[PDB]
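Here you get one chain, nothing else, as structure tokens; it is the form deposited without the partner chain.
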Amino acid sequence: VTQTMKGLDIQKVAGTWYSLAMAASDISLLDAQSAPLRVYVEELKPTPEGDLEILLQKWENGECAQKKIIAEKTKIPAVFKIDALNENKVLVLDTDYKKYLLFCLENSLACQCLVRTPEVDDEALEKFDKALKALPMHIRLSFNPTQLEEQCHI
């Protein structure tokens, strides 16, 4: 992944987002509702110090669970780390702050098209697809407005 947002202002990604589309390098990362990177973003909360708290929903053990994870800043504004047994990088590819944000998680790769509202933004989906066409994605999902307003997009 060699697309990152230049001049990212992480404070300006604060607030509500919708996981309109997702893609991953391996089918098994996204196939089932309980697949590992089937995560539905709810809210981004940048801290003062420029870390990024993330609220998301994740289907585990037969229900839609709310999770809170912190992505810690690096020396690159568009790149954050998530603390685990494995170090995973969050990369912000592109955003206009007021409509869409594209990001990928890499250790194997999953990316999403976030939008501010429960609407299919064809423009943002086009940019999503263009950013992905370089990458080895083998599964892509997208959600309708009804699904976007349900917990875990059921």
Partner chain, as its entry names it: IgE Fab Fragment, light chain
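Positions refer to the first chain, counted from 1.
Absent from the display: the form deposited with the partner chain bound. The rest refers to it.
In the bound PDB entry, at least one heavy atom of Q66 sits within 4.5 Å of a heavy atom of the partner chain. When the partner chain is considered in the bound PDB entry, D51 lies well away from it, no heavy atom lying within 4.5 Å. Although the partner is absent from this view, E123 stays clear of the partner chain in the bound PDB entry, with no non-hydrogen atom inside 4.5 angstroms.
The partner chain is not drawn, but in the bound PDB entry it has no heavy atom within 4.5 Å of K127. In the bound PDB entry, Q151 is the single residue of 132-154 with at least one heavy atom within 4.5 Å of the partner chain.
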